[PDB]
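Asker: You'll find final.cif just under this line, and it carries mmCIF, N, CA and C atoms and all ligand atoms.
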```cif
data_structure
#
loop_
_atom_site.group_PDB
_atom_site.id
_atom_site.type_symbol
_atom_site.label_atom_id
_atom_site.label_comp_id
_atom_site.auth_asym_id
_atom_site.auth_seq_id
_atom_site.Cartn_x
_atom_site.Cartn_y
_atom_site.Cartn_z
ATOM 1 N N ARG A 1 0.815 -1.212 0.000
ATOM 2 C CA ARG A 1 0.000 0.000 0.000
ATOM 3 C C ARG A 1 0.852 1.267 0.000
ATOM 4 N N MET A 2 1.898 1.293 0.815
ATOM 5 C CA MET A 2 2.821 2.440 0.807
ATOM 6 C C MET A 2 3.568 2.471 -0.532
ATOM 7 N N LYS A 3 3.954 1.296 -1.039
ATOM 8 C CA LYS A 3 4.596 1.158 -2.365
ATOM 9 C C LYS A 3 3.695 1.678 -3.491
ATOM 10 N N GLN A 4 2.411 1.341 -3.433
ATOM 11 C CA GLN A 4 1.430 1.816 -4.398
ATOM 12 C C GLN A 4 1.334 3.343 -4.334
ATOM 13 N N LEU A 5 1.262 3.904 -3.127
ATOM 14 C CA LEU A 5 1.277 5.363 -2.983
ATOM 15 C C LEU A 5 2.563 6.006 -3.491
ATOM 16 N N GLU A 6 3.707 5.402 -3.220
ATOM 17 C CA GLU A 6 4.956 5.917 -3.757
ATOM 18 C C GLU A 6 4.960 5.997 -5.280
ATOM 19 N N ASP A 7 4.371 5.001 -5.945
ATOM 20 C CA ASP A 7 4.279 5.044 -7.413
ATOM 21 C C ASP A 7 3.433 6.242 -7.853
ATOM 22 N N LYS A 8 2.342 6.486 -7.136
ATOM 23 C CA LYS A 8 1.427 7.549 -7.468
ATOM 24 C C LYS A 8 2.095 8.888 -7.238
ATOM 25 N N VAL A 9 2.842 9.011 -6.154
ATOM 26 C CA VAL A 9 3.573 10.247 -5.877
ATOM 27 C C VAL A 9 4.637 10.535 -6.928
ATOM 28 N N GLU A 10 5.375 9.518 -7.354
ATOM 29 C CA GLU A 10 6.386 9.737 -8.377
ATOM 30 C C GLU A 10 5.710 10.100 -9.708
ATOM 31 N N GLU A 11 4.540 9.539 -10.002
ATOM 32 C CA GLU A 11 3.806 9.941 -11.192
ATOM 33 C C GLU A 11 3.339 11.400 -11.132
ATOM 34 N N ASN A 12 2.808 11.832 -9.993
ATOM 35 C CA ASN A 12 2.420 13.232 -9.819
ATOM 36 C C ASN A 12 3.611 14.164 -10.040
ATOM 37 N N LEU A 13 4.776 13.763 -9.552
ATOM 38 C CA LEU A 13 5.981 14.556 -9.767
ATOM 39 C C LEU A 13 6.338 14.652 -11.254
ATOM 40 N N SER A 14 6.288 13.522 -11.959
ATOM 41 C CA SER A 14 6.512 13.522 -13.397
ATOM 42 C C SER A 14 5.580 14.500 -14.094
ATOM 43 N N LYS A 15 4.303 14.435 -13.736
ATOM 44 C CA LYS A 15 3.286 15.253 -14.364
ATOM 45 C C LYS A 15 3.530 16.733 -14.111
ATOM 46 N N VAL A 16 3.920 17.077 -12.888
ATOM 47 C CA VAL A 16 4.111 18.495 -12.555
ATOM 48 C C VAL A 16 5.351 19.019 -13.283
ATOM 49 N N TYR A 17 6.439 18.243 -13.326
ATOM 50 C CA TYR A 17 7.611 18.680 -14.074
ATOM 51 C C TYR A 17 7.266 18.884 -15.549
ATOM 52 N N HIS A 18 6.439 18.014 -16.092
ATOM 53 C CA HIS A 18 6.075 18.140 -17.489
ATOM 54 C C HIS A 18 5.236 19.398 -17.694
ATOM 55 N N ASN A 19 4.292 19.678 -16.790
ATOM 56 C CA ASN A 19 3.485 20.880 -16.939
ATOM 57 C C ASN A 19 4.349 22.142 -16.801
ATOM 58 N N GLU A 20 5.298 22.133 -15.878
ATOM 59 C CA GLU A 20 6.203 23.265 -15.682
ATOM 60 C C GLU A 20 6.933 23.554 -16.982
ATOM 61 N N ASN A 21 7.405 22.509 -17.644
ATOM 62 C CA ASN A 21 8.193 22.672 -18.864
ATOM 63 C C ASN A 21 7.307 23.111 -20.034
ATOM 64 N N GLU A 22 6.061 22.649 -20.062
ATOM 65 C CA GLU A 22 5.126 23.093 -21.076
ATOM 66 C C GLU A 22 4.790 24.585 -20.920
ATOM 67 N N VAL A 23 4.625 25.067 -19.688
ATOM 68 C CA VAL A 23 4.374 26.474 -19.440
ATOM 69 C C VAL A 23 5.572 27.283 -19.895
ATOM 70 N N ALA A 24 6.774 26.839 -19.546
ATOM 71 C CA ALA A 24 7.994 27.556 -19.909
ATOM 72 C C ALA A 24 8.139 27.647 -21.424
ATOM 73 N N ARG A 25 7.816 26.564 -22.123
ATOM 74 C CA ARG A 25 7.904 26.494 -23.582
ATOM 75 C C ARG A 25 6.889 27.472 -24.206
ATOM 76 N N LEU A 26 5.668 27.506 -23.687
ATOM 77 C CA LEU A 26 4.665 28.421 -24.236
ATOM 78 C C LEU A 26 5.074 29.878 -23.981
ATOM 79 N N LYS A 27 5.640 30.174 -22.821
ATOM 80 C CA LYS A 27 6.057 31.548 -22.508
ATOM 81 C C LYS A 27 7.095 31.984 -23.549
ATOM 82 N N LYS A 28 8.005 31.070 -23.873
ATOM 83 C CA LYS A 28 9.095 31.292 -24.844
ATOM 84 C C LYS A 28 8.514 31.590 -26.233
ATOM 85 N N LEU A 29 7.461 30.884 -26.590
ATOM 86 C CA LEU A 29 6.731 31.092 -27.820
ATOM 87 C C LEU A 29 6.010 32.420 -27.974
ATOM 88 N N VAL A 30 5.439 32.956 -26.898
ATOM 89 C CA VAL A 30 4.595 34.145 -26.991
ATOM 90 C C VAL A 30 5.382 35.431 -26.767
ATOM 91 N N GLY A 31 6.049 35.528 -25.628
ATOM 92 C CA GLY A 31 6.784 36.724 -25.227
ATOM 93 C C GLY A 31 5.848 37.759 -24.646
ATOM 94 N N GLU A 32 6.389 38.685 -23.868
ATOM 95 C CA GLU A 32 5.575 39.708 -23.225
ATOM 96 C C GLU A 32 5.082 40.759 -24.232
ATOM 97 N N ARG B 1 -3.335 8.142 9.531
ATOM 98 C CA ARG B 1 -2.266 8.943 8.939
ATOM 99 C C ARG B 1 -2.061 8.590 7.448
ATOM 100 N N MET B 2 -2.064 7.300 7.123
ATOM 101 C CA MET B 2 -1.884 6.841 5.751
ATOM 102 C C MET B 2 -3.065 7.278 4.887
ATOM 103 N N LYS B 3 -4.270 7.191 5.401
ATOM 104 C CA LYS B 3 -5.423 7.638 4.612
ATOM 105 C C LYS B 3 -5.381 9.182 4.410
ATOM 106 N N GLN B 4 -4.899 9.952 5.386
ATOM 107 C CA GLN B 4 -4.672 11.386 5.178
ATOM 108 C C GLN B 4 -3.703 11.593 4.008
ATOM 109 N N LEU B 5 -2.628 10.824 3.984
ATOM 110 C CA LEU B 5 -1.636 10.965 2.932
ATOM 111 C C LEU B 5 -2.235 10.575 1.575
ATOM 112 N N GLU B 6 -3.002 9.503 1.547
ATOM 113 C CA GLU B 6 -3.681 9.098 0.309
ATOM 114 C C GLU B 6 -4.629 10.170 -0.229
ATOM 115 N N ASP B 7 -5.360 10.822 0.670
ATOM 116 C CA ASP B 7 -6.231 11.946 0.318
ATOM 117 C C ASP B 7 -5.435 13.104 -0.247
ATOM 118 N N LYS B 8 -4.292 13.413 0.358
ATOM 119 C CA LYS B 8 -3.473 14.529 -0.127
ATOM 120 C C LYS B 8 -2.917 14.220 -1.513
ATOM 121 N N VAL B 9 -2.522 12.971 -1.758
ATOM 122 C CA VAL B 9 -1.990 12.557 -3.049
ATOM 123 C C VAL B 9 -3.063 12.669 -4.125
ATOM 124 N N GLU B 10 -4.282 12.261 -3.796
ATOM 125 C CA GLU B 10 -5.426 12.396 -4.701
ATOM 126 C C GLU B 10 -5.703 13.836 -5.022
ATOM 127 N N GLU B 11 -5.601 14.693 -4.013
ATOM 128 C CA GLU B 11 -5.816 16.128 -4.247
ATOM 129 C C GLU B 11 -4.717 16.698 -5.141
ATOM 130 N N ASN B 12 -3.482 16.284 -4.930
ATOM 131 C CA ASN B 12 -2.408 16.762 -5.774
ATOM 132 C C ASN B 12 -2.652 16.331 -7.221
ATOM 133 N N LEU B 13 -3.070 15.089 -7.423
ATOM 134 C CA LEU B 13 -3.329 14.605 -8.789
ATOM 135 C C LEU B 13 -4.443 15.423 -9.438
ATOM 136 N N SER B 14 -5.485 15.731 -8.673
ATOM 137 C CA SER B 14 -6.611 16.533 -9.179
ATOM 138 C C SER B 14 -6.115 17.932 -9.617
ATOM 139 N N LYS B 15 -5.235 18.522 -8.823
ATOM 140 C CA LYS B 15 -4.730 19.877 -9.112
ATOM 141 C C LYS B 15 -3.793 19.814 -10.321
ATOM 142 N N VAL B 16 -2.914 18.804 -10.407
ATOM 143 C CA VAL B 16 -2.043 18.615 -11.568
ATOM 144 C C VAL B 16 -2.864 18.479 -12.838
ATOM 145 N N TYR B 17 -3.898 17.656 -12.772
ATOM 146 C CA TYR B 17 -4.756 17.423 -13.917
ATOM 147 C C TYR B 17 -5.459 18.709 -14.369
ATOM 148 N N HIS B 18 -5.930 19.492 -13.417
ATOM 149 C CA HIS B 18 -6.510 20.794 -13.755
ATOM 150 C C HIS B 18 -5.493 21.704 -14.439
ATOM 151 N N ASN B 19 -4.271 21.738 -13.924
ATOM 152 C CA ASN B 19 -3.228 22.567 -14.517
ATOM 153 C C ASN B 19 -2.919 22.103 -15.913
ATOM 154 N N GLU B 20 -2.886 20.790 -16.106
ATOM 155 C CA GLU B 20 -2.667 20.215 -17.432
ATOM 156 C C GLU B 20 -3.699 20.725 -18.407
ATOM 157 N N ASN B 21 -4.951 20.722 -17.977
ATOM 158 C CA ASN B 21 -6.036 21.122 -18.861
ATOM 159 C C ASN B 21 -6.010 22.623 -19.136
ATOM 160 N N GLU B 22 -5.662 23.410 -18.132
ATOM 161 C CA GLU B 22 -5.478 24.842 -18.346
ATOM 162 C C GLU B 22 -4.354 25.110 -19.359
ATOM 163 N N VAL B 23 -3.209 24.437 -19.213
ATOM 164 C CA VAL B 23 -2.112 24.559 -20.197
ATOM 165 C C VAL B 23 -2.556 24.187 -21.604
ATOM 166 N N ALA B 24 -3.329 23.117 -21.723
ATOM 167 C CA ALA B 24 -3.868 22.705 -23.013
ATOM 168 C C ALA B 24 -4.739 23.783 -23.649
ATOM 169 N N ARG B 25 -5.561 24.438 -22.844
ATOM 170 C CA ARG B 25 -6.461 25.501 -23.317
ATOM 171 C C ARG B 25 -5.638 26.714 -23.757
ATOM 172 N N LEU B 26 -4.614 27.038 -23.003
ATOM 173 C CA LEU B 26 -3.847 28.217 -23.315
ATOM 174 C C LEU B 26 -3.028 27.957 -24.579
ATOM 175 N N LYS B 27 -2.536 26.727 -24.751
ATOM 176 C CA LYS B 27 -1.876 26.325 -25.994
ATOM 177 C C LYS B 27 -2.758 26.525 -27.215
ATOM 178 N N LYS B 28 -4.035 26.177 -27.099
ATOM 179 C CA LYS B 28 -4.961 26.307 -28.227
ATOM 180 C C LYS B 28 -5.313 27.772 -28.465
ATOM 181 N N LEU B 29 -5.217 28.606 -27.429
ATOM 182 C CA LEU B 29 -5.433 30.060 -27.576
ATOM 183 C C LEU B 29 -4.312 30.727 -28.381
ATOM 184 N N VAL B 30 -3.143 30.083 -28.405
ATOM 185 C CA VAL B 30 -1.967 30.540 -29.146
ATOM 186 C C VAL B 30 -1.790 29.748 -30.437
ATOM 187 N N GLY B 31 -2.452 28.597 -30.512
ATOM 188 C CA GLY B 31 -2.066 27.531 -31.423
ATOM 189 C C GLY B 31 -2.805 27.579 -32.723
ATOM 190 N N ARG C 1 9.697 5.673 6.703
ATOM 191 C CA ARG C 1 9.269 5.586 5.310
ATOM 192 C C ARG C 1 8.063 6.505 5.074
ATOM 193 N N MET C 2 7.081 6.483 5.977
ATOM 194 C CA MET C 2 5.868 7.278 5.791
ATOM 195 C C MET C 2 6.196 8.763 5.900
ATOM 196 N N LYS C 3 7.049 9.126 6.833
ATOM 197 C CA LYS C 3 7.485 10.515 6.976
ATOM 198 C C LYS C 3 8.155 11.009 5.712
ATOM 199 N N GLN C 4 9.037 10.197 5.164
ATOM 200 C CA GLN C 4 9.733 10.559 3.935
ATOM 201 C C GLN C 4 8.727 10.790 2.793
ATOM 202 N N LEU C 5 7.768 9.896 2.664
ATOM 203 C CA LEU C 5 6.761 10.038 1.615
ATOM 204 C C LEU C 5 5.917 11.316 1.883
ATOM 205 N N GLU C 6 5.515 11.636 3.127
ATOM 206 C CA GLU C 6 4.820 12.862 3.488
ATOM 207 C C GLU C 6 5.611 14.054 2.994
ATOM 208 N N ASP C 7 6.916 14.070 3.236
ATOM 209 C CA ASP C 7 7.765 15.166 2.789
ATOM 210 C C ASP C 7 7.734 15.290 1.266
ATOM 211 N N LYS C 8 7.785 14.168 0.553
ATOM 212 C CA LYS C 8 7.741 14.195 -0.913
ATOM 213 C C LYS C 8 6.415 14.771 -1.394
ATOM 214 N N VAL C 9 5.321 14.373 -0.754
ATOM 215 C CA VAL C 9 4.011 14.884 -1.120
ATOM 216 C C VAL C 9 3.865 16.386 -0.862
ATOM 217 N N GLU C 10 4.445 16.855 0.228
ATOM 218 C CA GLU C 10 4.435 18.286 0.508
ATOM 219 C C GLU C 10 5.232 19.036 -0.561
ATOM 220 N N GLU C 11 6.355 18.466 -0.980
ATOM 221 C CA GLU C 11 7.179 19.073 -2.053
ATOM 222 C C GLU C 11 6.385 19.089 -3.363
ATOM 223 N N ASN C 12 5.678 18.013 -3.661
ATOM 224 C CA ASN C 12 4.851 17.997 -4.878
ATOM 225 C C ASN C 12 3.764 19.069 -4.824
ATOM 226 N N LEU C 13 3.136 19.223 -3.678
ATOM 227 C CA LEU C 13 2.138 20.292 -3.476
ATOM 228 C C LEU C 13 2.722 21.700 -3.700
ATOM 229 N N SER C 14 3.922 21.933 -3.195
ATOM 230 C CA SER C 14 4.637 23.164 -3.494
ATOM 231 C C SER C 14 4.837 23.373 -4.997
ATOM 232 N N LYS C 15 5.292 22.339 -5.691
ATOM 233 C CA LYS C 15 5.505 22.423 -7.112
ATOM 234 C C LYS C 15 4.228 22.665 -7.883
ATOM 235 N N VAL C 16 3.145 22.005 -7.459
ATOM 236 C CA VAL C 16 1.849 22.241 -8.055
ATOM 237 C C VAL C 16 1.403 23.675 -7.910
ATOM 238 N N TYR C 17 1.590 24.219 -6.724
ATOM 239 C CA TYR C 17 1.281 25.610 -6.430
ATOM 240 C C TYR C 17 2.067 26.566 -7.313
ATOM 241 N N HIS C 18 3.361 26.347 -7.424
ATOM 242 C CA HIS C 18 4.173 27.203 -8.272
ATOM 243 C C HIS C 18 3.687 27.129 -9.726
ATOM 244 N N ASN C 19 3.427 25.924 -10.196
ATOM 245 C CA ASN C 19 2.845 25.755 -11.528
ATOM 246 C C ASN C 19 1.489 26.485 -11.706
ATOM 247 N N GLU C 20 0.608 26.420 -10.709
ATOM 248 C CA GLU C 20 -0.664 27.164 -10.743
ATOM 249 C C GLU C 20 -0.387 28.643 -11.001
ATOM 250 N N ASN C 21 0.604 29.181 -10.307
ATOM 251 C CA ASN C 21 0.896 30.607 -10.426
ATOM 252 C C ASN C 21 1.453 30.939 -11.790
ATOM 253 N N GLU C 22 2.296 30.062 -12.325
ATOM 254 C CA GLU C 22 2.855 30.286 -13.653
ATOM 255 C C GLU C 22 1.772 30.197 -14.703
ATOM 256 N N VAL C 23 0.833 29.269 -14.545
ATOM 257 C CA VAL C 23 -0.295 29.171 -15.456
ATOM 258 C C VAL C 23 -1.124 30.448 -15.434
ATOM 259 N N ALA C 24 -1.350 31.018 -14.250
ATOM 260 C CA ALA C 24 -2.125 32.252 -14.134
ATOM 261 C C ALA C 24 -1.409 33.369 -14.900
ATOM 262 N N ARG C 25 -0.098 33.418 -14.785
ATOM 263 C CA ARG C 25 0.676 34.406 -15.506
ATOM 264 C C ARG C 25 0.571 34.209 -17.011
ATOM 265 N N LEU C 26 0.627 32.961 -17.466
ATOM 266 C CA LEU C 26 0.515 32.633 -18.902
ATOM 267 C C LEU C 26 -0.882 33.061 -19.416
ATOM 268 N N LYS C 27 -1.911 32.914 -18.585
ATOM 269 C CA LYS C 27 -3.274 33.248 -18.965
ATOM 270 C C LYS C 27 -3.352 34.735 -19.271
ATOM 271 N N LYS C 28 -2.641 35.532 -18.496
ATOM 272 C CA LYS C 28 -2.649 36.971 -18.696
ATOM 273 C C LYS C 28 -1.889 37.270 -19.991
ATOM 274 N N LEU C 29 -0.789 36.559 -20.208
ATOM 275 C CA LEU C 29 0.071 36.746 -21.395
ATOM 276 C C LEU C 29 -0.605 36.410 -22.734
ATOM 277 N N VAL C 30 -1.508 35.432 -22.729
ATOM 278 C CA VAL C 30 -2.142 34.966 -23.984
ATOM 279 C C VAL C 30 -3.607 35.383 -24.148
ATOM 280 N N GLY C 31 -4.185 35.960 -23.100
ATOM 281 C CA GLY C 31 -5.523 36.491 -23.184
ATOM 282 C C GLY C 31 -5.515 37.812 -23.901
ATOM 283 N N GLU C 32 -6.696 38.228 -24.335
ATOM 284 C CA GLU C 32 -6.853 39.565 -24.836
ATOM 285 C C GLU C 32 -6.482 40.526 -23.719
ATOM 286 N N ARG C 33 -5.559 41.423 -24.012
ATOM 287 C CA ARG C 33 -5.058 42.424 -23.076
ATOM 288 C C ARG C 33 -4.620 41.923 -21.702
HETATM 289 CL CL CL D 1 1.753 13.724 -4.539
HETATM 290 CL CL CL D 2 1.034 20.830 -11.985
#
```
Spit out the file's structure as structure tokens when you get a sec.
Ligand SMILES: [Cl-]
Ligand SMILES: [Cl-]

Answerer:
Amino acid sequence: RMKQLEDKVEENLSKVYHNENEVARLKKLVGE
Amino acid sequence: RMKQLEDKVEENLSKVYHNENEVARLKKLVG
Amino acid sequence: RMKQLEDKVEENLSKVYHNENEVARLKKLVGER
């Protein structure tokens, strides 16, 4: 059960890093 | 304590998923 | 082990929060005005 939660936590981390990088990429595309 | 942690993980996933969808929408606003 | 995982989850929540704020900024950048 703790192992199952650890997998879910590492997946959430993957997802957040990916969203962070997608935001950064879009900012680079548009500019102020 | 473990069920509190499981609830927090579920909430984090819900918030990540919302952010994902917001990013997708903003991409299409530029795209 | 559980304490360590709690700490990781708190860090993920921080990262989610920072991402929320960056998304809000992007919304202003790509919206009309
Ligand atoms: Cl998490
Ligand atoms: Cl996120």

Asker: For this file, the PyMOL selection byres ((chain B and name CA) within 9 of (chain A and name CA)) selects which residues, as a list in words?

Answerer: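 Those residues are residues 2, 5, 6, 9, 10, 12, 13, 16, 17, 19, 20, 23, 26, 27 and 30 of chain B.
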
Asker: At a cut-off of 8 Å, which residues of chain C touch chain A? Count only N, CA and C atoms and give the answer as a PyMOL selection string.

Answerer: chain C and resi 1-2+5+8-9+11-12+15-16+18-19+22-23+26+29-30

Asker: Provide an axis-aligned box for all listed atoms of segment 4-13 of chain A, padding each side by 8 Å; report its centre and its edge lengths in Å to one decimal, as lines of an AutoDock Vina configuration file.

Answerer:
```
center_x = 3.8
center_y = 8.0
center_z = -7.1
size_x = 21.1
size_y = 29.3
size_z = 24.3
```

Asker: To one decimal place in Å, what is the distance between atom N of residue 17 of chain C and atom C of residue 14 of chain B?

Answerer: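 A separation of 10.4 Å between them.
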
Asker: Enter the distance from atom CL of ligand CL 1 (chain D) to atom CA of residue 4 of chain C, in Å, rounded to one decimal.

Answerer: 12.1 Å

Asker: Could you tell me how far atom CL of ligand CL 2 (chain D) lies from atom CA of residue 15 of chain B, in Å and to one decimal?

Answerer: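 These atoms are spaced 6.5 Å apart.
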
Asker: May I ask which of the residues C:3, C:10, C:20, C:32 is the closest one to ligand CL 2 (chain D), counting all atoms listed in the file?

Answerer: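 With all atoms listed in the file as the atom set, the closest residue is C:20.
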
Asker: With only N, CA and C atoms and all ligand atoms as the basis for distance, which of B:31, B:18, B:24, B:8 is at the shortest distance from ligand CL 2 (chain D)?

Answerer: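 Between B:31, B:18, B:24, B:8, the residue approaching ligand CL 2 (chain D) most closely is B:18.
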
Asker: Keeping just C-alpha atoms, export chain C of this structure as a CSV table (one decimal), in the first residue's frame.

Answerer:
```csv
chain,number,residue,atom,x,y,z
C,1,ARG,CA,9.3,5.6,5.3
C,2,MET,CA,5.9,7.3,5.8
C,3,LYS,CA,7.5,10.5,7.0
C,4,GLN,CA,9.7,10.6,3.9
C,5,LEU,CA,6.8,10.0,1.6
C,6,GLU,CA,4.8,12.9,3.5
C,7,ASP,CA,7.8,15.2,2.8
C,8,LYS,CA,7.7,14.2,-0.9
C,9,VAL,CA,4.0,14.9,-1.1
C,10,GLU,CA,4.4,18.3,0.5
C,11,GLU,CA,7.2,19.1,-2.1
C,12,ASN,CA,4.9,18.0,-4.9
C,13,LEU,CA,2.1,20.3,-3.5
C,14,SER,CA,4.6,23.2,-3.5
C,15,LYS,CA,5.5,22.4,-7.1
C,16,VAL,CA,1.8,22.2,-8.1
C,17,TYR,CA,1.3,25.6,-6.4
C,18,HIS,CA,4.2,27.2,-8.3
C,19,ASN,CA,2.8,25.8,-11.5
C,20,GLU,CA,-0.7,27.2,-10.7
C,21,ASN,CA,0.9,30.6,-10.4
C,22,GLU,CA,2.9,30.3,-13.7
C,23,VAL,CA,-0.3,29.2,-15.5
C,24,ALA,CA,-2.1,32.3,-14.1
C,25,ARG,CA,0.7,34.4,-15.5
C,26,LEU,CA,0.5,32.6,-18.9
C,27,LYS,CA,-3.3,33.2,-19.0
C,28,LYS,CA,-2.6,37.0,-18.7
C,29,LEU,CA,0.1,36.7,-21.4
C,30,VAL,CA,-2.1,35.0,-24.0
C,31,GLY,CA,-5.5,36.5,-23.2
C,32,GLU,CA,-6.9,39.6,-24.8
C,33,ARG,CA,-5.1,42.4,-23.1
```
